[PDB]
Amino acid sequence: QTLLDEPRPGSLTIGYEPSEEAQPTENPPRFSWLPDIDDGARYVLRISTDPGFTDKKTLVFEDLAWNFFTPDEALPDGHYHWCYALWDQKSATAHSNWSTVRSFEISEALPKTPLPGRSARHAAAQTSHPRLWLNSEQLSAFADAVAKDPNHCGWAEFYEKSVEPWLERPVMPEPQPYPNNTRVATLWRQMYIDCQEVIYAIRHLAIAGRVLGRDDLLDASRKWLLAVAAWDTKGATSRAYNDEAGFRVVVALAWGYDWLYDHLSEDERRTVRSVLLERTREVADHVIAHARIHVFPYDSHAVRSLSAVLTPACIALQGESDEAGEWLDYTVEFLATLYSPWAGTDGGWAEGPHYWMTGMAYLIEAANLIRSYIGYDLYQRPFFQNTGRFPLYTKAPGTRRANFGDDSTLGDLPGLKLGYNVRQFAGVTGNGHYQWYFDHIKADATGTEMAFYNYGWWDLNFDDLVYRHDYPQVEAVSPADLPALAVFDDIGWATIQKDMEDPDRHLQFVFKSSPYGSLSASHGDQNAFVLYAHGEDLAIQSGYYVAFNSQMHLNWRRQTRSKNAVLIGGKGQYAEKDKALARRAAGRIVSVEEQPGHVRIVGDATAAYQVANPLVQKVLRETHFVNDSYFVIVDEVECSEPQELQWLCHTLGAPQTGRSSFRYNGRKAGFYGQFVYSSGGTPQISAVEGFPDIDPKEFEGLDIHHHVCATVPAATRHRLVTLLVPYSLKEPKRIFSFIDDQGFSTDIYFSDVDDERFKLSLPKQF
């Protein structure tokens, strides 16, 4: 009987769940632990209300292939205890000391979301092709329906634009390797787009052929499928060379193989399955064995490739490989148990909404396919119940620069897929605000389908068909009753929405101080804010996407100097490629407090600044939303030494600067900021043009943004207070302030022209 290794968790590993430190949000709980030393090992899990773990009251789960698990039945309410051990398969017995006992509590309030076991899952799975989206009877049923009404679920609209143009198009030549094997943005993007079109051709032609009973469309689909199965698996389009191209090729193969299964000949099936299996193997290895996301979960493309690649492929391949059976099980068990590391059940997505767009787009697909293949519904999990509200409060219709993180679209109106995603969650939740969002996004963004981040990723005519065939037709509800404030505690994101339905009065505000630091898609932007008020973008996310690994990306957008945030001694929060440091350079939402006409968020970004500057000791920002009109921002910095303080805000146009203020006027809206109190002395205020140090070529023929730079002279103690008053340009607003400093605390009294007052009571220590 061996000793069990119970390693101490790390910042970039999974944790031990559930515990007193992390109560379960689902019934039955999601169980994860860090693996034993013996990389080839199987586990046994004990659960009991009895702290002594007696037979009568212990549930036992044996032969657990993985170091994470979800039981197939919910638990009765009460106080629980659990522990795990090594399990010897042949001897059918535990063969190591049991783990530390951890405790958790079950209540009736917790969603009941069991995961059907492998036996169940395998037995409910169909064995005949097709399997993806529709099965054999569903196809026949649907085909009869199309014969009766050619516009069923919008079929002919799909046919007209997503099927027909493929008939007159030459089969996509196999993409070439990059000149010198040096990844170039242009060639990398084009290459994955090339492969995306191949998904479209194969998948749409095949579906059409079989829905319409048309041998000529299957032949067109086959011609594409075979040309592709013939591409070099170790060539350019490998996971290794360009995983974006790679992912896509697999998907196409999966669909062609699944829907042309009967149309292919003996060889053609074997030629295809052969090429499909090997390509899927590259991904499956990378995800399970290489990155090992059940240990190191913070891998963007790996996590994503679960739904985007593994799900369609493993379903295609079932019964034709025991590896695929294993891979599917991992994929389903992961999505049910550990998905997603970028989120908690609050619905927020740490990578930002834009990554939420892609991450969900694919999950939806996998969620759907899974539902359709084996009946299991991931949508019942709290996170998916709630996640629809994330783009609602962060990518609200009309907003261009009012959120955070890497954004391919930065500057455009919110992307179509955000709408389309939300509608899916509408369909699942019955929430009409979601259906409102879809409508308005879809409308504001028509004619946009052909942009690289849309065409290169999804076909909306297809996503539309899938939805309309599978889901109810939810009604829109005016977002007027939507609560102003939504806090996303699991990621450290606070948002405010006002009058979302009114383009003159619509306000979007988000403040972010995140325990994810500048890891993956996040930037060095803890204690940062963005402000879209009165129907315009005022305090913006600055710069352009340009390309991943551009200078604009790495030395501007990733950096604090591009945020609405402070600099300390001219230094910002760590935003380089080392992810341990990145995750260490974090902040958090200390507290949120709400009462009529006064919201207050407090963020601690102390760690974030410390990583690059050991002199920093305390970094607090308070943000006040006063009487649904204006903002008071409090910055409190303590160092071990005099350190200069720098306050930044970013705008599209040039800002005008006062002795202790600044003013920006956009096209229909403007705002001003006044530094009313600064314990470190009066700040010198500069307006900076452009993007210093950023290669002028990367934004050539684009509009240069501006930013203000309020600089307080060196001090070991900073207490800065900034009044922010946004306004409709038609109706400019002014707040008056008064300082009652003398005393234990420094008091500041604000009021408007109708003498409605606000009291800021600020202690002198923090």
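From 1 onward, residues are counted along the sequence shown.
Between 338-346 and 89-97, it is 89-97 that carries the larger average Cα temperature factor according to the deposited entry.
The mean C-alpha temperature factor is higher for 685-693 when 685-693 and 216-224 are set side by side. Per the PDB record, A185 has a higher Cα B-factor than any other of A185, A426, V611, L460. Among all modelled residues in this chain, the alpha-carbon of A547 has a temperature factor (C-alpha) in the highest third.
When all modelled residues of the chain are sorted by CA temperature factor, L723 is found within the lowest third. Per-chain ranking of the deposited C-alpha B factor places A208 in the lowest third. Annotation for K563: C-alpha temperature factor in the lowest third relative to the rest of the modelled chain, per the entry.
When the modelled residues of the chain are ordered by their C-alpha B factor, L253 lands in the lowest third.
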